[PDB]
Every structure is written in structure tokens, then in C-alpha cells.
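A.B. asks: below is the sequence, then the experimental coordinates.
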Amino acid sequence: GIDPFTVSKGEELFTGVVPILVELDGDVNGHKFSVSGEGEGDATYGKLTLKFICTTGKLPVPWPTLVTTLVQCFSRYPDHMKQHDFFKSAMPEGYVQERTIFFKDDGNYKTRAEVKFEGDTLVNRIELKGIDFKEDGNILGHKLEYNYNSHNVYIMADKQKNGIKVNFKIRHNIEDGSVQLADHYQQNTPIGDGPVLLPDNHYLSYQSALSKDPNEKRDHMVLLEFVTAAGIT
């Protein structure tokens, strides 16, 4: 565990506005890229405000496909559900979050991230690997709209990993009015060896809005997001 004294533990670290730093290195069908992100989260309200920049030039996949990859510790857990907040309970030492995201009739992303505090800053460091994509598909062919939908994210305990398993589906809007499904399988494990909250089944409700910074000339994405735990009582 940590130093007992460690001024703040788990939930205590998220009572106020916390700065966020996101770092992603990716490789999709050999198209290599990096993204950095910065902003803050206010878990009391489930609120995230973040700006992401492709630091290597043009992003070789659509921004919306990276949203789920690019800090569920910022979810607003109702008081009556506080005993189910795995994500906060793993802090400050943090957790590893792993996903496989299947893009229907296209390739897959496999992601590994470590989410933890570095001082006052909540850091999400991510490696993304994408294979089996079509060069002319909705992803490498850039055929997705720059927008996002609301979703529910379904959580259950994985007692064998002292962690959780998570799953959900994202539907990205295609420019022709159709829909590109991205099925998400996820697992999270604590980095530290201390006790974590292993939750009953529940879900997080998401709202996400994407926009552009009128003064930003690099390839980028502005994200406003609200996340709320629900499903128990």
C-alpha cells in the first residue's frame, strides 16, 4: 500500500477539481501517432473538461474512435453507491485498464493504460495497438462524423483479478447516415496490493460533447463529458 500517513486515500483525492494529463502512443495498421491531453475533472459532479492534441501531425484515425480510450475515477458515484467505486478505491497507486475494441466488419484496438496520481495530477498513460483494419474502411478512410452519442457502461466484479470487468457498445455515426459499431471488452486491475472496492453489478451513464478550439491549428479534440454511476436502487 501507501504511507499510512498518506494525506489522501481513494475517494479523498477526488473531493475537488483535479488536473488531468493523458498520454497516448498508438499504432494502427502501422500508422504511428501520439496524442496528449490536458484538463480537469470534478468527480463530485462527474465532470471532465479536456483538450486533446495529436502531437505527431495528422491523426490517422477519427477522433471519436479514441474517446473511450482517452479516467473513470471521475464518475459521480451516488452516496448510496460509494461502496461500489472501484476506480477511486485503487488510488493513488492506481489501476491498469485493458481493452479490446472490435470495430464491426473492420479492425480492432487493443489498449493498455495505467491510471494513477503523479503528485496532484491524475495521469492516464496509454498504449494503443490496432490491427486488421481496412485502408478504405470507416476508420482508416475517415468516414465517421465528428460527434458522439450517450451510452451506458456495464460493470461487474472480477474477484480473481481483484478488479472489475466492463462492457458496452459504442455506435459511431457514419457520414452516409449509417452506424459503425465498436464493441468494448474491458478489464481493470489495481496496481497496488491494498484493498479495493469490488462492486455489485451497476452501470455508468455517459454524456459526451465534442468540439473544436477556434484558435487551435493542430489536429485536436475538445471534450466535455459527464459520467454518473447508476443502477443500484
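C.D. replies: The structure has been received and is ready for your questions. Numbers count the residues shown, from 1 in each chain.
A.B. asks: and residue 136, that one's in a strand?
C.D. replies: No: under DSSP: H, G, I helix; E, B strand; the rest coil, residue 136 sits outside any strand and is assigned coil.
A.B. asks: now it: how far from residue 54?
C.D. replies: As defined by C-beta to C-beta, to the nearest Å, residue 136 lies at a distance of 22 Å from residue 54. Bear in mind the C-beta positions are built from the backbone N, C-alpha and C, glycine included.
A.B. asks: so for those two, which residue has more residues nearby?
C.D. replies: More crowded of residue 136 and residue 54, by other C-beta atoms under 10 Å: residue 54, with 20 against 9.
A.B. asks: what is the neighbour count of the closest residue to the more buried one other than its chain neighbours?
C.D. replies: Leaving out its chain neighbours, the residue that sits closest to residue 54 by C-beta to C-beta, 6 or more residues apart in numbering is residue 219, at 4.2 Å. By the criterion of other C-beta under 10 Å, residue 219 has 17 neighbours.
A.B. asks: which ones are touching residue 219?
C.D. replies: Residues near residue 219 by C-beta atoms under 8 Å, 6 or more residues apart in numbering: 53, 54, 57, 58, 59.
A.B. asks: the nearest residue to residue 69 once chain neighbours are set aside and residue 160, how far apart?
C.D. replies: Closest residue to residue 69 apart from its sequence neighbours, by C-beta to C-beta, 6+ apart: residue 111 at 5.1 Å. Distance, residue 111 to residue 160, using C-beta to C-beta: 21 Å.
A.B. asks: cool, thanks, signing off.
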